[PDB]
Engineer: 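Sharing a structure, written as structure tokens. Questions coming.
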There are 2 protein chains.
Amino acid sequence: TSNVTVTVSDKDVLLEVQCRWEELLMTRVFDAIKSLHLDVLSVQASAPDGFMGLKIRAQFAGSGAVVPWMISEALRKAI
Amino acid sequence: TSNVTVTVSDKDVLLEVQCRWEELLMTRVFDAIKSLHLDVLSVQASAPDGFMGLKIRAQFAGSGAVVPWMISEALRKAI
């Protein structure tokens, strides 16, 4: 049971992820976020009972328009 | 005006940071955390007004002993 939710309005990006935690998961998520040129402005994340729940609010820092499915793809690749 | 607090108990690590937010701050912090081989298990972070507040609980993933001043120094450079 695992969900990836991406909400995009102009340059504002909301990310929610729920999945089974495994080692270095949070690191892969933030690597993905870095590689999407997303600037994180707030995060709540924890993994009680080995199940990660993550909520991130971010802003797009690169050039051009945001491609939401690319965000969704990178997160799914990270978990 | 900035505060960095690092607590180490065996392999558990608790980081708290308060400083002025600026662009890509969160990314520099997680870059630092990655390069310290810390596996992040929980994060609460936000910057209401321009002032970032951050609490991270992590576990050391590398070999050998944790070197606490390493963590605090890398965090200070990330600011």
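Because only heavy atoms are used, hydrogens play no part in the values below, and waters and symmetry mates are left out as well, while side chains stay in. Within every chain, numbering begins at 1; the chains are lettered A, B, ... in the order of the sequence lines, protein sequences first and strands thereafter.
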Engineer: What's the spacing between A:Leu15 CG and A:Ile33 CD1 if we round to 0.5 Å?
Structural biologist: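 Spacing of CG (A:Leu15) from CD1 (A:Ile33) equals 5.5 Å.
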Engineer: Is there any salt bridge (charged side-chain N to carboxylate O under 4.0 Å, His left out) pair reaching into residues 68-79 of chain A, and which pairs are they, with sequence neighbours excluded?
Structural biologist: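 Listed once each, the pairs would be none.
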Engineer: Check the pair A:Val17 / A:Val29 against side-chain contact (heavy atoms from CB on, under 4.5 Å), numbers first and verdict last.
Structural biologist: CA-CA 10 Å; A:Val17 173; A:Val29 169; 5.8 Å; no
Engineer: Please collect all side-chain hydrogen bond (donor to acceptor under 3.5 Å, both in side chains) contacts where either partner lies in residues 17-29 of chain B, sequence neighbours excluded, each pair once.
Structural biologist: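 The answer is none; no pair qualifies.
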Engineer: Residues two or more places apart in sequence or in another chain: which of them pass salt bridge (charged side-chain N to carboxylate O under 4.0 Å, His left out) with A:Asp12?
Structural biologist: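 Salt bridge (charged side-chain N to carboxylate O under 4.0 Å, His left out) check on A:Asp12 returns nothing, list empty.
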Engineer: Mind checking whether A:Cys19 and A:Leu25 have side chains closer than 4.5 Å, heavy atoms only?
Structural biologist: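 Of all side-chain heavy-atom pairs linking A:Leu25 with A:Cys19, at least one is under 4.5 Å.
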Engineer: Quick check: closest heavy atoms across A:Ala32 and A:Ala74, and the distance to 0.1 Å?
Structural biologist: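 Smallest heavy-atom distance, with atoms named: CB-O, 4.0 Å.
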Engineer: Residues in side chain to side chain donor-acceptor pair (under 3.5 Å) with B:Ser72, at least two apart?
Structural biologist: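 Partners of B:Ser72 by the side chain to side chain donor-acceptor pair (under 3.5 Å) criterion come out as none, since no residue qualifies.
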Engineer: Please name all residues satisfying side chain to side chain donor-acceptor pair (under 3.5 Å) with A:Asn3, sequence neighbours left out, ordered by chain then number.
Structural biologist: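 With sequence neighbours excluded, A:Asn3 shows a side chain to side chain donor-acceptor pair (under 3.5 Å) to A:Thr5, given in chain and number order.
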Engineer: Evaluate side-chain contact (heavy atoms from CB on, under 4.5 Å) for A:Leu75 paired with A:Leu36, printing each intermediate quantity in order.
Structural biologist: CA-CA 10 Å; A:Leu75 286 175; A:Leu36 296 152; 5.6 Å; no
Engineer: Throw together a table of side-chain donor-acceptor distances under 3.5 angstrom for residues 43-70 of chain A, partners on residues two or more places apart or in other chains.
Structural biologist:
| unit_1 | atom_1 | unit_2 | atom_2 | d |
| --- | --- | --- | --- | --- |
| A:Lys55 | NZ | A:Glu16 | OE1 | 3.1 |
| A:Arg57 | NE | A:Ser42 | OG | 3.4 |

Engineer: What's the separation between atom CZ in B:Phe30 and atom CG in B:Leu24, rounded to the nearest 0.5 Å?
Structural biologist: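 The CG atom of B:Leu24 is 14.0 Å from CZ of B:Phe30, to the nearest 0.5 Å.
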Engineer: Work out which heavy atom in A:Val8 is nearest to a heavy atom in A:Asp10; give both atom names and the distance.
Structural biologist: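 Minimum heavy-atom contact is CG1-O, 3.7 Å.
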Engineer: Do any pairs count as a salt bridge (charged side-chain N to carboxylate O under 4.0 Å, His left out) and have a residue in residues 34-45 of chain B, sequence neighbours left out, and if so which ones?
Structural biologist: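 Only A:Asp31-B:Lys34 qualify under salt bridge (charged side-chain N to carboxylate O under 4.0 Å, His left out).
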Engineer: Kindly write out the residues that satisfy side chain to side chain contact (heavy atoms under 4.5 Å, CB included) with B:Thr7, not counting sequence neighbours, or none if the list is empty.
Structural biologist: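 Checked B:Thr7 against side chain to side chain contact (heavy atoms under 4.5 Å, CB included); matches are B:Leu14.
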